[PDB]
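To begin, one chain is listed below as structure tokens, in the form deposited in one PDB entry.
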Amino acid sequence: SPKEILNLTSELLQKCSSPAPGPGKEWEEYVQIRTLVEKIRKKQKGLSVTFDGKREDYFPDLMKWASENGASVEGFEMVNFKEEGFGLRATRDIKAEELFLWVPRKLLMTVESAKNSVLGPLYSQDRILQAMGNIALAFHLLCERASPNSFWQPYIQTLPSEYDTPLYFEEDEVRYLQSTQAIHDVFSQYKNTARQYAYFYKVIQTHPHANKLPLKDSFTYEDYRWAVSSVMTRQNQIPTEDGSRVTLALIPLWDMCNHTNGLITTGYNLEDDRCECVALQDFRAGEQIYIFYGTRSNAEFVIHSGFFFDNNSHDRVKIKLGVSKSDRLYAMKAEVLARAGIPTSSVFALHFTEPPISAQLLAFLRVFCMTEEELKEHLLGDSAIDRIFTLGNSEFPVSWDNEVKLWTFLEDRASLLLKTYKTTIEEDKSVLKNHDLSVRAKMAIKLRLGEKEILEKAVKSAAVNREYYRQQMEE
């Protein structure tokens, strides 16, 4: 039996180590990889270690554990919510800015605790663990989960047994994402995970420093999927004890908070060596305590956490823009962009929330549409440096004609990008309104709809700005 798994993993490693296939074969390759993984998944027993009963049965112990190591356990409780899963509920009125959550370092799971755990020897021998702190944390989590008397066992036994990351999607759920940007990242994720599994399994079956690890007996694809999905759902960057460096960590109590729009209210206290979180807003007793995870896109939320956030104030799409080398004004535009601290060619973001384009993108577009005289005015003269310094400011345009040109180009580009999607916005809305689909299918369709909606809002904003500057020019 182990030899057939070894053959399957060797094939998976070889296929996942091939160069990137061309556009249009990507999906096929993905499906191919899926196939192999499924076979491997079908001959294994799921997670190697499972805990009988339901998750909530373990939440007291966690609290108790945290309580006995210096963490705050007063003022909140673990509660199931329909729209968010398990989370923190205030048992007492909590005022805004009130320090209400703190977790000392001894409770955390870091790369440092991984190096000094049972994984230590293999970590000191394996190159991928040394380079990839997140994979190292995932394997630390795996190894501690299989250790009956681990210090973090009360925390591990409260972790979810599955996630809604694309690694758990059915194939037809992923097919909804075809012709989007996000799907490529999905592909990446899958490929990476697959390759990594095929690598580490081989390592675990051969390296001597892994013989005393609990993974030598059993190490399934579902184990690694769970580990990496737990880490990418819950990893955080924290300073080391002296503060000179950064490391990855899992924060047991605080990572049960759910997300809402707001500001970061979580920081690390080096003197008291503990993570600290103050209330995002006033939470009365019985009200759910939320935090703001970060300024991540809905694509990142779905791919690295497993949920789509409605009314995400920081939602955006990638756009690839550069100055053409066929342009006779390429050198002057390149020099102006360099002086402004902006690359000649790069990836920018289109945001839903006003303004749809950033100061960086606005300055790039203005240089992109400059005439030779305007470029000269921005490259030579006493006023040149001031004009390039106001380049990203909406209040200080280069010329009405430049604005009209740039907004025309942006509108046309966003409309073309819209034309490159398989479905329209109204198709997606109709599907979401009239069809009942899985949670994951709803996430995929809302994601593609959000991409196209950002593009459509860019189209309309560019049209309105083009008309505004045309009208100013007419008077």
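We number the residues from 1 along the sequence you see.
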* Of the other entries that cover residues on both sides, do at least a third skip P19? -> no
* Asked: As stated in the PDB record, which stretch has the larger average Cα B-factor, 432 to 440 or 414 to 422?
  -> 432 to 440
* Structure fact -> Higher of the two mean Cα B-factors (332 to 340, 73 to 81; per PDB record) comes from 73 to 81
* Structure fact -> Here the Cα B-factor of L36, set against its chain, lands in the third termed highest
* Structure fact -> Entry-reported C-alpha B-factor of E144 relative to its chain, by third, is lowest
* Chain thirds of CA B-factor: placement of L449 -> lowest
* Structure fact -> Binned into thirds over the chain's modelled residues, the C-alpha B-factor of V459 lands in the lowest
* Within this chain's modelled residues, let me know which third the CA B factor of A66 belongs to: lowest, middle or highest. => highest
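Keep in mind that the form deposited in another entry is not shown, yet the notes after this line are about it.
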* To do: Would you mind checking which of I94, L88, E173, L449 is at the hinge, with one rigid block turning on the other between the shown form and the other one?
  => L449
* Tell me whether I264 and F76 end up closer or farther apart in that other deposited form, going by their C-alpha atoms; the shift is 3 Å or more. => closer
* Structure fact -> Taking the shown form as reference, the Cα pair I303 and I264 shifts by 3 Å or more in that other deposited form and sits farther
